[PDB]
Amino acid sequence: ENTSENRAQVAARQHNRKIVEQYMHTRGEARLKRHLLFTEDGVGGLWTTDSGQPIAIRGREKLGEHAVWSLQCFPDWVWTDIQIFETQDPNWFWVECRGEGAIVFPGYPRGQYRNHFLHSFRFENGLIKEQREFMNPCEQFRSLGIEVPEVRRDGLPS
């Protein structure tokens, strides 16, 4: 149906998609202003940690501060193989991608970090209300030199 309501959905989804595109392509010193893509009360961060709790960063200004820390610890980070998934909610997207770059955490030797990521992006009046990142924390351990725990899986078919 070509109705004004349907057209409103399409328009919302198209604008929001451009914002997801911009986020995923933000690199270098532009990472210091990525927080401007969020609502004032917007939340961002890592949902897959070794603690099992999320590292959630609440609010535009707090997001800006993390950006400084991010840029120092992942100095040359790039996202690649970016695939964007629109959903039946014009305000909710998923992204599947890669990421790679040097990792520089105090306490560990400088390393090369690669991982596989899923990102969730929820929108409200055209800005990001909630971003969440899902990766394999084991691949981060490897990059930092931290021995990875191994699970034996006996009897698993082959």
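From 1 onward, residues are counted along the sequence shown.
Engineer: So, looking at the entry's B-factor column for Cα atoms, which has the higher mean, 136-144 or 7-15?
Structural biologist: Taking the mean B-factor of the alpha carbons in each, 7-15 is higher.
Engineer: Looking at the deposited entry, does 80-88 or 67-75 carry the larger mean Cα B-factor?
Structural biologist: The deposited B-factors put 67-75 ahead on the C-alpha mean.
Engineer: By the entry's C-alpha temperature factors, tell me which of 119, 60, 129, 98 sits highest.
Structural biologist: So the option with the highest C-alpha B-factor is 60.
Engineer: For residue 45, does the deposited CA B-factor place it in the lowest, middle or highest third of the chain?
Structural biologist: Tercile = lowest for this residue's CA B-factor.
Engineer: Divide the modelled residues of the chain into thirds by Cα B-factor and specify which third, lowest, middle or highest, holds residue 39.
Structural biologist: For residue 39, whose C-alpha B-factor we compare with every modelled residue in the chain, the answer is the middle third.
Engineer: Could you tell me which third, lowest, middle or highest, the C-alpha B-factor of residue 105 occupies within its chain?
Structural biologist: Its C-alpha B-factor belongs to the highest third of this chain's values.
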